[PDB]
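One chain follows as structure tokens, the form solved without this ligand.
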């Protein structure tokens, strides 16, 4: 019966939702810097995920309450007619927390809402989280550099957690072109999104970002600050985004 080349079933009526929470500015009294370039990330993702059949829904600078309502809404709607779910965080983070406009939120409580315990329509279907989060500095196209801060957390069965940067390393954001991670993710989605198995592609993104040179830098102190992204797979089958037949 058992089959090593078994794929997630990706022939439902709709591909499914892509949430994109995009944070540029923060409440004054948090003392976190503007993330100039995050809009390039939001837009580049919105395009690439649209071309793969996702209903993309972006949300700019939500407060904790607004964000929790929007994500809980999406959790309690039926995904019965959908292949999978994608959720993206473009913000600052620390440890097991992502920053909303006004406060930090436990990543576990966000992934928790799709555990299959709480969201039956997504049991056995891929739940991909993509996280571009790091430590706010707190000092035309400049390259800004943040220290890795967000833990490479796992989640539950059939989750894929995707991280801009690993412990020890550094996250880069061009203020016009956007995050190195997202640039290379979106480029690879453009070329291979609809052909390649998704973790094969994420592996390409690891190569592309690791191979970015950091020896001759505008800023002297940005030198030797490599970026290595990772992903934590709890997936149980091959994942493809083959064109849905229209």
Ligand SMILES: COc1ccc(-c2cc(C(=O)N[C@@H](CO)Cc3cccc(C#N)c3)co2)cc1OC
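Residue numbers count along the first chain shown, from 1.
Below: the form deposited with this ligand bound, not depicted.
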{"item": "Shown form pocket vs this ligand in the deposited bound form, superposition, backbone/C-beta distance 2.4 Å", "value": "blocked"}
{"item": "Whether 32, 92 and 219 all lie within 4.5 angstroms of this ligand in the deposited bound form by heavy atom", "value": "yes"}
{"item": "4.5 Å heavy atom contact, residue 214 to this ligand in the deposited bound form", "value": "yes"}
{"item": "is_contact(residue 172, this ligand) in the deposited bound form, heavy atom dist at most 4.5 Å", "value": "yes"}
{"item": "is_contact(residue 85, this ligand) in the deposited bound form, heavy atom dist at most 4.5 Å", "value": "no"}
{"item": "Any non-hydrogen atom of residue 99 within 4.5 angstroms of this ligand in the deposited bound form", "value": "yes"}
{"item": "Proximity to this ligand in the deposited bound form (heavy atom, within 4.5 Å), stretch among 201-209, 64-72, 32-40, 181-189", "value": "32-40"}
